[PDB]
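# compute the structure for the input listed below.
(chains A, B, C and D, ligands or ions: 12)
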Protein chains: 4
Amino acid sequence: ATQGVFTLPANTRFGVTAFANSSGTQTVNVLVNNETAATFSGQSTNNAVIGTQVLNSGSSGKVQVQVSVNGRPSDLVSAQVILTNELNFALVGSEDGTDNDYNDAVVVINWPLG
Amino acid sequence: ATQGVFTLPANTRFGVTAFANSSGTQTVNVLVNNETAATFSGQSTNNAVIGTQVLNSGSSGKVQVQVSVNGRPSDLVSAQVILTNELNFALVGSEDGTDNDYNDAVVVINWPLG
Amino acid sequence: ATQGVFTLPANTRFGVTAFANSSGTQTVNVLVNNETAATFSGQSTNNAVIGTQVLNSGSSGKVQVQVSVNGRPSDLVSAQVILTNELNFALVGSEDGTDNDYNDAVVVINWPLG
Amino acid sequence: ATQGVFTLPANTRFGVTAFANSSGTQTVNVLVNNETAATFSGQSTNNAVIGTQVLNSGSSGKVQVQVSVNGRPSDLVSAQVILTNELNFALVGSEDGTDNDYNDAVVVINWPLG
Ligand SMILES: C[C@@H]1O[C@@H](S[C@@H]2O[C@H](CO)[C@H](O)[C@H](O)[C@H]2O)[C@@H](O)[C@H](O)[C@@H]1O
Ligand SMILES: C[C@@H]1O[C@@H](S[C@@H]2O[C@H](CO)[C@H](O)[C@H](O)[C@H]2O)[C@@H](O)[C@H](O)[C@@H]1O
Ligand SMILES: C[C@@H]1O[C@@H](S[C@@H]2O[C@H](CO)[C@H](O)[C@H](O)[C@H]2O)[C@@H](O)[C@H](O)[C@@H]1O
Ligand SMILES: C[C@@H]1O[C@@H](S[C@@H]2O[C@H](CO)[C@H](O)[C@H](O)[C@H]2O)[C@@H](O)[C@H](O)[C@@H]1O
Ligand SMILES: [Ca+2]
Ligand SMILES: [Ca+2]
Ligand SMILES: [Ca+2]
Ligand SMILES: [Ca+2]
Ligand SMILES: [Ca+2]
Ligand SMILES: [Ca+2]
Ligand SMILES: [Ca+2]
Ligand SMILES: [Ca+2]
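Numbering: from 1, shown residues only, chains lettered A, B, ... in the order given. Ligands and ions are numbered 1, 2, ... in the order given. The protein structure is shown below:
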């Protein structure tokens, strides 16, 4: 099944944050309506934040997270969770190797903001 | 129902990151085994990371998130989500006022790390 | 925080299924746009399905689950989870006593159907 | 990533319920410790509950959901969510064709019971 794709409400501000837990450098791309809206790159084995940004979901609401290490696409796992019918999290895990911890890059998208 | 309390696997490192979306200064307290392990404070209406730390769940695995604004306990909502039977997120939202956006402080706990 | 309230897409069919795990008879009311759309009652300590129905979300898409036992409203816990940006689950547990298993009635809403 | 596989606490009762939303006959198999513990089959475009059962997770606690149509394995999606640190749902969707609604068989596992 496709993973790392989420339909947000249109024209909404949202936060995107990425963490790294790998000896490899993680590159995280966030596409909005199929155009790169944020790119984070960094390396950590201690859950360091490698980037955070505020974005707007635009007219489509379509947000996609992609992860690669040295040009190789990581395998993704994802889900969206809504608390009290208001607070939204779109969560992404990624695996760059063999151990299947799926934490190599971790991406959290939250809305609403403000 | 109790919110913002999670049983993690014992003796496990976990990430805890807090975001602010409110006029009010948010104070996030993270307890492990009922003892304060981290305190974040900050103010933003643009989802600024007001703190991020790596902690250990210790022998109990009992982790609790509290949020207060100027001393007043915020109302919490929470859940845990597990992807591919491996990647864990504990999520907390909090409301300091009347608008019920539940984003005033947002706390994300993730494990495993490394 | 309010629990047991979910905003579905408007004019969309959804499944609702209730399960009981208590010595007391459980009454589950499902409201659509603030009007009773279905009512289920049953007693089980073995997770028996005490009711199932297909309903329409109507123009608001607002769906509310209420649970009571012998007249007394149960304490509710809820969340919505979306998998592969497509498959929606609205989940409710409820507590009628002191043991805090929150399974005394369990209500599962799923969409889309067909 | 592996989908439809869940680690439960050992020797615990859980409910499993399957729903169908397809013109094809769905076969849902539930494995405990890699052995078939329940089987449900049926065809519905209206969210019929094609089966519900109470099982015991056994000594491993490993539970797996498999779905097929006419012997062809369906693509699965899954997650686990925990409410008030107590109430557990393991959720599975499955796709038998090309439209990617992932609702063709839906399976929900809940614990604890009683
Ligand atoms: C620490 C370790 O990092 C990787 S495994 C690691 O990946 C790099 C990528 O550049 C090299 O291929 C090494 O040969 C590999 O050992 C993570 O997948 C793993 O979970 C762990 O965090
Ligand atoms: C921007 C706004 O912030 C608060 S409402 C705000 O709360 C502060 C708390 O110190 C004072 O009560 C102000 O008088 C209030 O208006 C959030 O609850 C709200 O969601 C929004 O982010
Ligand atoms: C078996 C038991 O059922 C209840 S406790 C039970 O509640 C009924 C009403 O539902 C009466 O108040 C009795 O006096 C109580 O003992 C559940 O709360 C519990 O989890 C367990 O399933
Ligand atoms: C109603 C429809 O059913 C299938 S698509 C459907 O699958 C059967 C399987 O036996 C045949 O291949 C038909 O030729 C196909 O049209 C679902 O995938 C779809 O979501 C929808 O529920
Ligand atoms: Ca890895
Ligand atoms: Ca890793
Ligand atoms: Ca607020
Ligand atoms: Ca706010
Ligand atoms: Ca109870
Ligand atoms: Ca009970
Ligand atoms: Ca389908
Ligand atoms: Ca279908």
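# backbone dihedrals for the residue of chain A found nearest ligand 3, please?
Nearest to ligand 3 in chain A, going by Cβ to the nearest ligand atom, is residue A:84, at a distance of 23.6 Å. Just so you know, the C-beta spots here come from the backbone N, C-alpha and C atoms, and that holds for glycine as well. Taking degrees, to the nearest 10, you get phi 40, psi 40 for the backbone angles of residue A:84.
# buried residues, stretch A:50-70. List them.
The neighbour-count check on stretch A:50-70 (16 or more other Cβ atoms under 10 Å in any protein chain shown) flags A:50-52, A:55, A:57-58, A:61-69 as buried.
# and the residue of chain A closest to ligand 3, how many residues sit next to it?
For residue A:84, the count of nearby residues is 23 (other Cβ atoms under 10 Å in any protein chain shown).
# what's near enough to touch it?
Applying Cβ atoms under 8 Å, 6 or more residues apart in numbering or on different chains to residue A:84 gives the contacts B:77, B:93, B:100, B:102, C:1-3, C:5, C:78.
# what strand or helix carries the closest residue to it other than its chain neighbours?
Spatially, and ignoring its direct neighbours in sequence, residue A:84 is nearest to residue C:1 (4.2 Å; Cβ to Cβ, 6 or more residues apart in numbering or on different chains). Taking DSSP states H and E as the definition, one finds residue C:1 inside no helix or strand.
# count of neighbours near residue C:1?
The tally of other residues near residue C:1 (other Cβ under 10 Å) stands at 20.
# list the residues that contact it.
Counting by Cβ under 8 Å, 6+ apart, residue C:1 has contacts A:83-84, B:3, B:75-77, B:95, B:100, B:102.
# how about a cut-off of 7 Å?
A:84, B:75, B:77, B:95, B:102 (Cβ atoms under 7 Å, 6 or more residues apart in numbering or on different chains).
# so which of the buried residues of stretch A:50-70 comes closest to residue D:35?
residue A:67 (36.2 Å; Cβ to Cβ).
# now that closest one: how far from ligand 6?
12 Å (Cβ to the ion, to the nearest Å).
# name whatever forms a beta bridge with that residue.
residue A:28 (DSSP bridges).
# to which secondary structure element is residue A:18 assigned?
Judged by DSSP H and E, residue A:18 forms part of strand A:13-32.
# ok, the next helix or strand after that strand: who's next to it in the sheet?
Sequence-wise, the next helix or strand downstream of strand A:13-32 (DSSP H and E) is strand A:35-56. Take DSSP bridges as the rule and strand A:35-56 pairs in its sheet with strand A:13-32 (antiparallel).
# so who does the nearest residue to residue A:39 once chain neighbours are set aside touch?
Of all residues not flanking residue A:39 in the chain, residue A:29 sits nearest, at 5.4 Å (Cβ to Cβ, 6+ apart). By Cβ under 7 Å, 6+ apart, the contact list for residue A:29 reads A:36, A:39, A:66.
# quick one: residues contacting the second one.
It refers to residue A:39. Shown in contact with residue A:39 (Cβ under 7 Å, 6+ apart): A:27-29.
# will you turn the residues you listed into TSV that also has distance to ligand 9?
TSV is the format used below for these (distance: Cβ to the ion, whole Å):
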residue	distance to ligand 9
A:27	48
A:28	43
A:29	46
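# check the contacts of residue A:84 against residue B:17 and report the nearest one.
Nearest to residue B:17 among the contacts of residue A:84 is residue B:93, at 13.6 Å by Cβ to Cβ.
# is any residue of the helix or strand containing that closest one near chain A?
Residue B:93 is part of strand B:87-95, with elements assigned from DSSP H and E. Yes: using Cβ under 7 Å from any Cβ of the partner chain, strand B:87-95 reaches chain A at B:87, B:89, B:91, B:93.
# ok, the first one touching residue A:77?
Yes: contact between residue B:87 and residue A:77 holds when scored by Cβ atoms under 7 Å: they sit 6.4 Å apart.
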